[PDB]
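> In this note's numbering, the protein residues as written are 7 to 135.
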Ligand SMILES: *[C@@H]1O[C@H](CO[C@@H]2O[C@@H](C)[C@@H](O)[C@@H](O)[C@@H]2O)[C@@H](O)[C@H](O)[C@H]1NC(C)=O
């Protein structure tokens, strides 16, 4: 069995950049998603990638401001955050596996359902300004 692990958080001045790293996914083909937990607010999908065809879904707010990348062996997924804004301040979560078929179709394409079998605790980002 496996549990996802995250790293790369902290406090950074606006206009800065910072790399978020998720590790643990054994899947050659499955869905990996990064959420954001704005404190005392709702969960928001940041981005998703389907390892099978490397299809990428990027949330419109972070569009062109964030990048999602996978190391060789597809053993680690990085979310490189650029041009950080105070709104992005939150705790960021990584998760993978797709329980619902209709999450599976939407991964890398639409916001969709995005329901996920395995989750990790994640790390906190504070955008100083
Ligand atoms: C999927 O991509 C694999 C390599 O990842 C690519 O390069 C890294 C540096 C990241 O930028 C990542 O986002 C890129 O997709 C390939 O080894 C693999 O063959 C690709 N598979 C398919 C089906 O395209």
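Backbone N, C-alpha and C fix where the C-beta goes; we use that ideal spot for every residue, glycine too.
#1: Using only alpha-carbon positions, find the residue among 53, 109, 98 that is nearest to residue 47.
#2: Leaving out five residues on either side along the sequence, give the residues of the same chain with a beta carbon under 8 Å from the beta carbon of residue 53.
#3: Distance check for residue 87 and residue 70, CA to CA, integer angstroms please.
#4: What does the alpha-carbon distance come out to for the pair residue 127 and residue 11?
#5: According to DSSP, is residue 12 part of a helix, a strand, or is it coil?
#6: Residue 20: buried (16+ other C-beta within 10 angstroms of its C-beta) or exposed?
#7: Which partner residues does residue 100 have in the DSSP bridge list?
#8: Taking residue 133 as part of the alpha helix (DSSP H), name the residues at either end of that continuous run.
#9: Looking only at DSSP bridge pairs, what is residue 115 linked to?
#10: Tell me, please, which residues DSSP counts as bridged to residue 86.
Checking against the coordinates, here is how it stands:
#1: To locate residue 47, count along the chain shown from 1; it is residue 41. Answer by Cα proximity: 98.
#2: Walking along the chain shown from the start, residue 53 turns up at place 47. So the list reads 39, 40, 62, 63, 64, 65, 68, 72, 74, 85, once near-sequence residues are dropped.
#3: Taking the first residue of the chain shown as position 1, residue 70 is located at position 64. Taking the first residue of the chain shown as position 1, residue 87 is located at position 81. Going from the Cα of residue 70 to the Cα of residue 87 covers about 10 Å.
#4: Position 121 of the chain shown, counted from the first residue, corresponds to residue 127. Position 5 of the chain shown, counted from the first residue, corresponds to residue 11. Their Cα atoms are separated by approximately 7 Å.
#5: Locating residue 12 in the chain shown gives position 6, counting from the first residue. Looking at residue 12 - three-state DSSP - the assignment turns out to be strand.
#6: By one-based count along the chain shown, residue 20 stands at place 14. Counting the other Cβ atoms within 10 Å of the Cβ of residue 20 gives fewer than 16, which makes it exposed.
#7: Counting from one through the chain shown, the residue named residue 100 turns up at place 94. In DSSP, residue 100 forms a bridge with 40.
#8: Mapped onto the chain shown, residue 133 falls at position 127. First-last for residue 133: 129 to 134, but that is the beta strand (DSSP E), not the alpha helix (DSSP H).
#9: As a working mapping, residue 115 is identified with position 109 in the chain shown. When DSSP reads this structure, residue 115 sits in no beta bridge, so it has no partner.
#10: Along the chain shown, one-based indexing puts residue 86 at 80. Partner residues in the beta bridge of residue 86, as assigned by DSSP, are 25, 73.
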